[PDB]
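First comes the structure, then the notes that go with it.
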Amino acid sequence: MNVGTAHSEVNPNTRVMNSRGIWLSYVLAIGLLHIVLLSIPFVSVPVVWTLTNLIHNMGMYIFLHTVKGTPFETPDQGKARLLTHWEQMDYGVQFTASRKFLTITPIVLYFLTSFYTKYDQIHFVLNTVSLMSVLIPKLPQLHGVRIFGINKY
Amino acid sequence: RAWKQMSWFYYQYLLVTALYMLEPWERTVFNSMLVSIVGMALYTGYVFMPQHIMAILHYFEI
Amino acid sequence: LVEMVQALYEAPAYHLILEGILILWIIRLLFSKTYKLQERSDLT
Amino acid sequence: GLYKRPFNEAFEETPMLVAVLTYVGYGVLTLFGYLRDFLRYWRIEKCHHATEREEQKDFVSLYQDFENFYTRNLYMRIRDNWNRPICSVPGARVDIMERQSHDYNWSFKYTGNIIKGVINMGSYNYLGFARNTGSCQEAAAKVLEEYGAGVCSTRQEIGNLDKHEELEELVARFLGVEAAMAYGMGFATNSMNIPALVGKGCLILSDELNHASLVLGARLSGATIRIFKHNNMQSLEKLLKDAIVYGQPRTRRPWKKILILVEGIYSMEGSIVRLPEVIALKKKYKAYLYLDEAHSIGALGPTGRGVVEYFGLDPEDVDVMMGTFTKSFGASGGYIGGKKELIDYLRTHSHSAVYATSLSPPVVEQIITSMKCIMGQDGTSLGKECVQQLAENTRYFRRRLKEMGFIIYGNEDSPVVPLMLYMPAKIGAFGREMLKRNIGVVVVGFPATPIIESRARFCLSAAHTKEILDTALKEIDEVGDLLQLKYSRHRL
């Protein structure tokens with residue numbers, strides 16, 4: 001419904017990651033993706049793990065660092081009309097439990113997929129490129145800056 | 001009796017998965033994808049994993 | 001644990017160095033107790 | 001501050017499995033919404049909506065598409081639970097015009113039949129003054145015959161009448177404060193009087209769940225706004241200490257003023273403000289108090305005077321007491337009560353006093369008659385029976401629903417009962433099922449609330465008899481069995 005009916009906060013999008021059971025749901029979604037990837041018959045284990053890493057990282061990048069704004073009308077007159085979700089999170093507070101969790105989890109996934117890929121160099125470079133693509137925007141310095149003016153408006 | 005119970009369980013499935021508010025073709029798409037994934041998983045589990053769970057199911061049936 | 005140690009020893013040097021610096025980064029985030037707000041204002 | 005009576009409230013936490021399933025449902029809805037947006041963009045499926053005129057195709061687009069996402073994909077699916085028209089007085093039973101949609105709620109067609117005798121749990125008449133036959137109706141009819149309907153000028157201009165002065169003095173007597181002023185809209189009261197009191201250089205401490213009118217009034221003024229947690233006295237005290245100690249943000253200077261905006265009863269949450277603690281804190285830290293009393297001016301109190309009587313406090317302690325006649329008295333309008341100097345400054349420097357048309361004569365007559373009946377000027381036994389029946393109904397309904405296994409928010413005294421649904425599909429399911437059984441309820445979803453709690457609000461009334469409550473309770477029990485809405489672990 002309309003924003004402000006049961007809560008005075010102008011931008012609810014900044015609290016969705018601080019809710020109850022959201023972290024458990026995130027981990028369960030990763031696990032379900034891994035299971036449905038293992039379900040494929042003709043794909044080997046290291047390929048499955050690198051696909052898990054790549055798909056999770058791509059989806060995370062798309063949702064956190066690509067889509068900007070809010071999916072609903074907001075009564076602060078579009079203050080966050082250009083900010084992405086990672087920038088909207090917690091009203092710009094750079095370190096928080098949710099931000100720490102979201103930054104840590106791809107690194108743990110990278111460690112697991114490096115162990116299960118037997119440290120192959122091709123998988124190493126693929127997973128490292130993906131991990132950098134996810135971890136670079138999380139830097140506090142890289143806040144509100146668009147390289148070469150891409151996705152600015 | 002049992003048909004009513006199964007219809008109730010399907011209703012609960014619709015409520016939980018939010019399929020209740022979708023249109024029929026969206027329900028068809030979601031159900032087809034779900035059954036395809038379950039069938040593929042069963043095929044993989046039978047082909048590769050040993051039938052130890054099948055032995056447990058047979059023991060439970062007996 | 002011994003098998004894990006052997007598997008780690010099977011890894012190249014640069015990969016292990018990258019994993020170590022990543023672990024150090026994780027420690028830095030975990031112990032980054034300062035909650036900076038990312039703002040800057042000056043008088044007129 | 002100390003309480004003369006126990007202060008009981010309960011906000012049970014969400015079960016973890018319920019939260020996980022809620023997130024599953026929201027994710028499914030978001031994915032299918034993205035799919036539908038993709039289909040509509042490529043014209044694969046014809047769009048059933050209005051578009052800009054052909055002569056303005058080269059203009060910048062009026063709206064942003066993404067802002068309408070939840071409107072196109074979530075709100076439109078369950079759109080039929082809202083905006084239900086009625087063709088009768090909003091009493092204990094209401095008549096609802098029936099409508100159907102053939103394109104999934106994108107357009108509604110009106111059938112000739114009319115649903116009759118729907119038990120009303122959505123209207124706001126707490127004391128049951130919404131009647132088409134009575135003494136108030138006759139007084140309003142006489143004043144309509146004499147004065148006409150509506151005034152065509154402003155209070156500072158020729159538009160000030162004697163009825164308005166009578167209403168203001170009667171309101172001042174009813175509240176117990178020295179003086180009061182009356183306006184023609186509850187929203188406008190806040191939006192047009194908060195900017196007058198404070199300005200640039202002052203601080204406003206606003207609760208987490210304030211109404212949109214209070215927030216808009218605070219934004220219109222140039223003051224600084226800081227928000228504390230709902231009914232968290234520790235957070236309020238911490239904010240007060242930090243504000244007094246550290247001064248203004250950029251150029252550290254003492255604050256010109258500190259104003260605390262609070263409400264009597266919070267409608268959606270169902271809780272009552274901890275007034276003794278707020279009063280003690282404002283006395284200790286020298287702050288001013290603005291008390292929105294729209295939902296409690298008739299519901300609460302032994303004689304229905306509001307929260308200040310409910311806690312047995314002194315009305316002179318609250319700097320500004322605002323209120324609304326819409327909820328309890330059955331007529332539109334609003335008021336602000338306080339000391340004489342405040343009322344004079346408001347009469348001189350209020351936006352609605354200078355630029356806005358004043359109240360209507362039949363409305364003020366209805367308010368006067370209702371409030372005289374409440375305070376017992378007519379001498380009839382009515383006016384106390386209403387309050388007693390409202391209290392009994394609230395206690396009975398809340399106890400019966402809590403012992404059925406449901407999760408309920410708020411105090412045991414508030415006549416507003418938020419039942420908890422927790423899932424997006426169960427919102428529409430509950431609305432449709434309850435309408436199918438002749439009960440009218442109000443359901444609130446995600447963007448209005450936090451994500452995990454979506455709810456249904458029951459508004460009790462003094463006009464609800466015992467048989468009506470029993471029928472509603474048995475239907476609610478049946479629906480809760482059907483939809484598995486009994487999440488409570490403590491009692492079931």
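Chains: A, B, ... in order of the structure tokens. Residues: from 1 per chain. Ligands: from 1, in order shown.
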Within segment 9-58 of chain B, find each residue whose DSSP state, derived from the backbone, is helix (DSSP H, G or I), and express the selection as a compact mmCIF listing (two decimals) with N, CA and C atoms, in the first residue's frame.
# COMPACT_ATOMS: atom_id res chain seq x y z
N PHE B 9 -4.24 -29.20 0.97
CA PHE B 9 -2.78 -29.08 0.91
C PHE B 9 -2.35 -28.27 -0.31
N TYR B 10 -3.03 -28.45 -1.44
CA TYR B 10 -2.75 -27.64 -2.62
C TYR B 10 -3.06 -26.17 -2.35
N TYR B 11 -4.15 -25.90 -1.63
CA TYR B 11 -4.48 -24.53 -1.26
C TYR B 11 -3.40 -23.91 -0.39
N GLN B 12 -2.89 -24.67 0.58
CA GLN B 12 -1.81 -24.17 1.42
C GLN B 12 -0.54 -23.93 0.61
N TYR B 13 -0.26 -24.81 -0.36
CA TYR B 13 0.88 -24.60 -1.25
C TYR B 13 0.73 -23.31 -2.04
N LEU B 14 -0.47 -23.05 -2.57
CA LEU B 14 -0.72 -21.80 -3.28
C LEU B 14 -0.51 -20.60 -2.37
N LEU B 15 -1.02 -20.67 -1.14
CA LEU B 15 -0.89 -19.55 -0.22
C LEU B 15 0.57 -19.28 0.13
N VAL B 16 1.34 -20.34 0.39
CA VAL B 16 2.73 -20.16 0.81
C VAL B 16 3.59 -19.65 -0.34
N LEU B 19 1.40 -18.22 -5.23
CA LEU B 19 0.76 -18.52 -6.51
C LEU B 19 -0.72 -18.18 -6.50
N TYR B 20 -1.28 -17.89 -5.32
CA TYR B 20 -2.71 -17.62 -5.21
C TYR B 20 -3.11 -16.38 -6.00
N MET B 21 -2.25 -15.37 -6.03
CA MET B 21 -2.59 -14.12 -6.70
C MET B 21 -2.11 -14.05 -8.14
N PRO B 24 -3.52 -17.89 -14.23
CA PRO B 24 -3.33 -19.33 -14.48
C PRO B 24 -2.08 -19.69 -15.27
N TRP B 25 -1.70 -18.89 -16.27
CA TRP B 25 -0.53 -19.26 -17.07
C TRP B 25 0.76 -19.11 -16.27
N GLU B 26 0.82 -18.15 -15.35
CA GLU B 26 1.98 -18.04 -14.47
C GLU B 26 2.06 -19.24 -13.53
N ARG B 27 0.92 -19.70 -13.02
CA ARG B 27 0.90 -20.93 -12.23
C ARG B 27 1.40 -22.11 -13.05
N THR B 28 0.97 -22.19 -14.31
CA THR B 28 1.42 -23.27 -15.19
C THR B 28 2.93 -23.23 -15.36
N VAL B 29 3.48 -22.04 -15.61
CA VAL B 29 4.92 -21.90 -15.80
C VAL B 29 5.67 -22.35 -14.54
N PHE B 30 5.25 -21.85 -13.38
CA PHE B 30 5.95 -22.17 -12.14
C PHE B 30 5.87 -23.66 -11.84
N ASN B 31 4.68 -24.25 -12.00
CA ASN B 31 4.51 -25.67 -11.71
C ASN B 31 5.33 -26.53 -12.67
N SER B 32 5.36 -26.16 -13.95
CA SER B 32 6.14 -26.92 -14.92
C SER B 32 7.63 -26.88 -14.58
N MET B 33 8.14 -25.69 -14.25
CA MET B 33 9.54 -25.59 -13.86
C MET B 33 9.83 -26.42 -12.61
N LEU B 34 8.93 -26.36 -11.63
CA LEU B 34 9.15 -27.10 -10.39
C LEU B 34 9.18 -28.61 -10.64
N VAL B 35 8.20 -29.13 -11.37
CA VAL B 35 8.16 -30.57 -11.61
C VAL B 35 9.34 -31.00 -12.47
N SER B 36 9.76 -30.16 -13.43
CA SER B 36 10.93 -30.49 -14.22
C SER B 36 12.17 -30.61 -13.35
N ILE B 37 12.35 -29.66 -12.42
CA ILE B 37 13.52 -29.71 -11.55
C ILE B 37 13.48 -30.94 -10.65
N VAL B 38 12.30 -31.26 -10.09
CA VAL B 38 12.20 -32.43 -9.22
C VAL B 38 12.49 -33.71 -9.99
N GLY B 39 11.93 -33.84 -11.20
CA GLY B 39 12.19 -35.03 -11.99
C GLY B 39 13.65 -35.18 -12.37
N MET B 40 14.29 -34.07 -12.77
CA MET B 40 15.71 -34.11 -13.10
C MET B 40 16.55 -34.50 -11.88
N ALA B 41 16.20 -33.96 -10.71
CA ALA B 41 16.93 -34.31 -9.49
C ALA B 41 16.77 -35.79 -9.16
N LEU B 42 15.55 -36.33 -9.30
CA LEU B 42 15.35 -37.75 -9.05
C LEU B 42 16.15 -38.60 -10.03
N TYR B 43 16.17 -38.21 -11.30
CA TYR B 43 16.94 -38.94 -12.30
C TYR B 43 18.42 -38.95 -11.94
N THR B 44 18.97 -37.79 -11.57
CA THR B 44 20.38 -37.72 -11.20
C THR B 44 20.66 -38.55 -9.95
N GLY B 45 19.78 -38.47 -8.95
CA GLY B 45 19.99 -39.23 -7.73
C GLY B 45 19.95 -40.73 -7.96
N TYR B 46 19.08 -41.18 -8.87
CA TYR B 46 19.02 -42.60 -9.19
C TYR B 46 20.25 -43.04 -9.97
N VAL B 47 20.65 -42.25 -10.97
CA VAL B 47 21.74 -42.67 -11.85
C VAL B 47 23.07 -42.69 -11.10
N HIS B 52 20.66 -46.14 -1.59
CA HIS B 52 20.53 -46.38 -0.16
C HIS B 52 19.24 -45.79 0.38
N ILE B 53 18.85 -44.61 -0.11
CA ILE B 53 17.57 -44.02 0.29
C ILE B 53 16.42 -44.87 -0.22
N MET B 54 16.58 -45.48 -1.40
CA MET B 54 15.56 -46.39 -1.91
C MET B 54 15.40 -47.60 -1.00
N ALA B 55 16.52 -48.12 -0.47
CA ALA B 55 16.45 -49.21 0.48
C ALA B 55 15.72 -48.79 1.75
N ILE B 56 15.97 -47.56 2.22
CA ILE B 56 15.28 -47.06 3.40
C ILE B 56 13.78 -46.95 3.14
N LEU B 57 13.41 -46.46 1.96
CA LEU B 57 12.00 -46.35 1.61
C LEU B 57 11.35 -47.73 1.53
N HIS B 58 12.06 -48.71 0.97
CA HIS B 58 11.53 -50.07 0.91
C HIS B 58 11.36 -50.66 2.30
Chain D residues near chain B within 9 Å, closest pair each, using only C-alpha atoms, as a tab-separated table:
residue	atom	partner	partner_atom	distance
D:21	CA	B:16	CA	6.3
D:22	CA	B:16	CA	7.6
D:24	CA	B:17	CA	6.6
D:25	CA	B:18	CA	4.9
D:26	CA	B:18	CA	7.6
D:28	CA	B:18	CA	7.0
D:29	CA	B:18	CA	7.0
D:32	CA	B:26	CA	7.8
D:74	CA	B:21	CA	8.6
D:77	CA	B:21	CA	6.1
D:78	CA	B:21	CA	7.3
D:104	CA	B:23	CA	8.3
D:423	CA	B:16	CA	7.6
D:424	CA	B:18	CA	7.0
D:425	CA	B:18	CA	5.3
D:426	CA	B:15	CA	6.5
D:428	CA	B:21	CA	8.0
D:429	CA	B:15	CA	8.2
D:482	CA	B:8	CA	8.5
D:483	CA	B:12	CA	7.5
D:484	CA	B:12	CA	8.6
Do me a favour and pick out the residues of chain D within 10 Å of chain C, using only C-alpha atoms, as a PyMOL selection string.
-> chain D and resi 249-251
How would the residues just picked look written out with N, CA, C and O atoms as a CSV table (one decimal), in the first residue's frame?
chain,number,residue,atom,x,y,z
D,249,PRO,N,24.0,21.1,14.4
D,249,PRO,CA,25.0,20.2,13.7
D,249,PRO,C,26.2,20.9,13.2
D,249,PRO,O,27.3,20.4,13.6
D,250,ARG,N,26.1,21.9,12.4
D,250,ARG,CA,27.3,22.5,11.7
D,250,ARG,C,28.0,23.5,12.6
D,250,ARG,O,29.1,23.4,13.0
D,251,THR,N,27.2,24.6,13.0
D,251,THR,CA,27.7,25.6,13.8
D,251,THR,C,27.2,25.3,15.2
D,251,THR,O,26.0,25.6,15.5
Proximal residues of chain A relative to chain B (only C-alpha atoms; 12 Å) as JSON, numbers by chain | {"A": [32, 33, 35, 36, 37, 38, 39, 40, 41, 42, 43]}
Output file for the selection above: N, CA and C atoms, as an mmCIF file, in the first residue's frame:
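Just written: selection37.cif:
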data_model
loop_
_atom_site.group_PDB
_atom_site.id
_atom_site.type_symbol
_atom_site.label_atom_id
_atom_site.label_comp_id
_atom_site.auth_asym_id
_atom_site.auth_seq_id
_atom_site.Cartn_x
_atom_site.Cartn_y
_atom_site.Cartn_z
ATOM 1 N N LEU A 32 19.882 -23.688 -2.288
ATOM 2 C CA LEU A 32 18.956 -24.231 -3.278
ATOM 3 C C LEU A 32 19.514 -24.080 -4.687
ATOM 4 N N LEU A 33 20.174 -22.953 -4.967
ATOM 5 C CA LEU A 33 20.838 -22.797 -6.257
ATOM 6 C C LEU A 33 21.911 -23.859 -6.448
ATOM 7 N N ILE A 35 21.979 -26.827 -5.082
ATOM 8 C CA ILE A 35 21.333 -28.126 -5.254
ATOM 9 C C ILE A 35 20.815 -28.285 -6.679
ATOM 10 N N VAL A 36 20.123 -27.267 -7.196
ATOM 11 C CA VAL A 36 19.603 -27.379 -8.555
ATOM 12 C C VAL A 36 20.725 -27.369 -9.585
ATOM 13 N N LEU A 37 21.899 -26.835 -9.240
ATOM 14 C CA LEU A 37 23.040 -26.961 -10.140
ATOM 15 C C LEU A 37 23.628 -28.368 -10.108
ATOM 16 N N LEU A 38 23.731 -28.972 -8.921
ATOM 17 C CA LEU A 38 24.142 -30.371 -8.835
ATOM 18 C C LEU A 38 23.168 -31.298 -9.546
ATOM 19 N N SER A 39 21.896 -30.905 -9.649
ATOM 20 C CA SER A 39 20.897 -31.770 -10.268
ATOM 21 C C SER A 39 21.185 -32.027 -11.744
ATOM 22 N N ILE A 40 21.954 -31.160 -12.392
ATOM 23 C CA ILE A 40 22.253 -31.346 -13.818
ATOM 24 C C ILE A 40 23.133 -32.579 -13.988
ATOM 25 N N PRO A 41 22.808 -33.491 -14.911
ATOM 26 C CA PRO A 41 23.519 -34.780 -14.930
ATOM 27 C C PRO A 41 24.941 -34.714 -15.465
ATOM 28 N N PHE A 42 25.182 -33.990 -16.557
ATOM 29 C CA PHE A 42 26.422 -34.130 -17.312
ATOM 30 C C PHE A 42 27.471 -33.076 -16.974
ATOM 31 N N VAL A 43 27.390 -32.444 -15.807
ATOM 32 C CA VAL A 43 28.312 -31.378 -15.428
ATOM 33 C C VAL A 43 29.122 -31.838 -14.223
#
Counting only C-alpha atoms, chain A residues within 10 Å of chain D, as an MDAnalysis selection string = chainID A and resid 1:13 15:17 19:26 28:29 67:76 78 81
Within 12 Å of segment 2-16 of chain C, counting only C-alpha atoms, which residues qualify if same-chain residues fewer than 3 places away don't, as a list in words?
-> residues 110, 111, 114, 115, 116, 117, 118, 119, 120, 121, 123, 124, 125, 127 and 128 of chain A; 19, 20, 21, 22 and 23 of chain C
List every residue of chain A that has an atom at most 8 Å from any atom of chain C, giving for each one its closest atom pair and the distance in Å to one decimal, counting only C-alpha atoms, sorted by chain and then by ascending residue number, as CSV.
residue,atom,partner,partner_atom,distance
A:92,CA,C:37,CA,6.2
A:93,CA,C:37,CA,4.5
A:94,CA,C:36,CA,5.8
A:95,CA,C:35,CA,5.2
A:96,CA,C:35,CA,7.0
A:100,CA,C:29,CA,6.7
A:104,CA,C:26,CA,6.7
A:107,CA,C:22,CA,7.6
A:111,CA,C:19,CA,7.6
A:118,CA,C:11,CA,7.8
A:119,CA,C:11,CA,6.1
Please dump the current selection as an mmCIF file, in the first residue's frame; keep C-alpha atoms.
data_model
loop_
_atom_site.group_PDB
_atom_site.id
_atom_site.type_symbol
_atom_site.label_atom_id
_atom_site.label_comp_id
_atom_site.auth_asym_id
_atom_site.auth_seq_id
_atom_site.Cartn_x
_atom_site.Cartn_y
_atom_site.Cartn_z
ATOM 1 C CA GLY A 92 24.727 5.678 3.837
ATOM 2 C CA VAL A 93 26.304 4.250 6.994
ATOM 3 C CA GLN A 94 29.342 2.578 5.473
ATOM 4 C CA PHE A 95 29.881 -0.243 7.993
ATOM 5 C CA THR A 96 27.064 -2.292 9.523
ATOM 6 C CA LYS A 100 29.698 -6.880 6.731
ATOM 7 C CA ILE A 104 31.962 -11.511 3.686
ATOM 8 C CA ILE A 107 34.617 -14.400 -0.051
ATOM 9 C CA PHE A 111 37.150 -20.058 -0.667
ATOM 10 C CA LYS A 118 41.377 -28.144 -7.042
ATOM 11 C CA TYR A 119 42.963 -24.720 -7.627
#
Would you list the contacts of segment 362-370 of chain D as a PyMOL selection string, taking every protein, DNA or RNA residue within 6 Å and counting only C-alpha atoms, but skipping same-chain residues closer than 6 positions in sequence?
-> chain D and resi 136+140+143-144
Mind giving me the straight-line distance from atom CA of residue 1 of chain C to atom CA of residue 113 of chain A in Å, one decimal?
->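 Taking atom CA of residue 1 of chain C as the start and atom CA of residue 113 of chain A as the end point, the length is 18.4 Å.
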Please, what distance in Å, to one decimal, runs between atom CA of residue 57 of chain A and atom CA of residue 105 of chain A?
->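 For atom CA of residue 57 of chain A relative to atom CA of residue 105 of chain A, the distance reads 10.3 Å.
Across the model, the gap from atom CA of residue 391 of chain D to atom CA of residue 8 of chain D is 15.4 Å.
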Contacts of residue 194 of chain D at 8 Å or less, counting only C-alpha atoms, minus same-chain residues fewer than 3 places along, as an MDAnalysis selection string?
-> chainID D and resid 190:191 197:198 214 217:218 221
Kindly export the residues of the current selection with C-alpha atoms, as a short mmCIF file (atom, residue, chain, number, x, y, z; two decimals), in the first residue's frame.
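That gives us selection33.cif:
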data_model
loop_
_atom_site.label_atom_id
_atom_site.label_comp_id
_atom_site.auth_asym_id
_atom_site.auth_seq_id
_atom_site.Cartn_x
_atom_site.Cartn_y
_atom_site.Cartn_z
CA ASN D 190 -1.08 19.50 11.77
CA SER D 191 0.09 20.53 8.30
CA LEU D 197 5.06 26.92 16.21
CA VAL D 198 8.61 26.02 15.15
CA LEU D 214 2.59 15.19 11.53
CA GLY D 217 3.87 19.48 9.09
CA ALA D 218 7.38 18.88 10.43
CA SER D 221 8.73 23.94 8.80
#
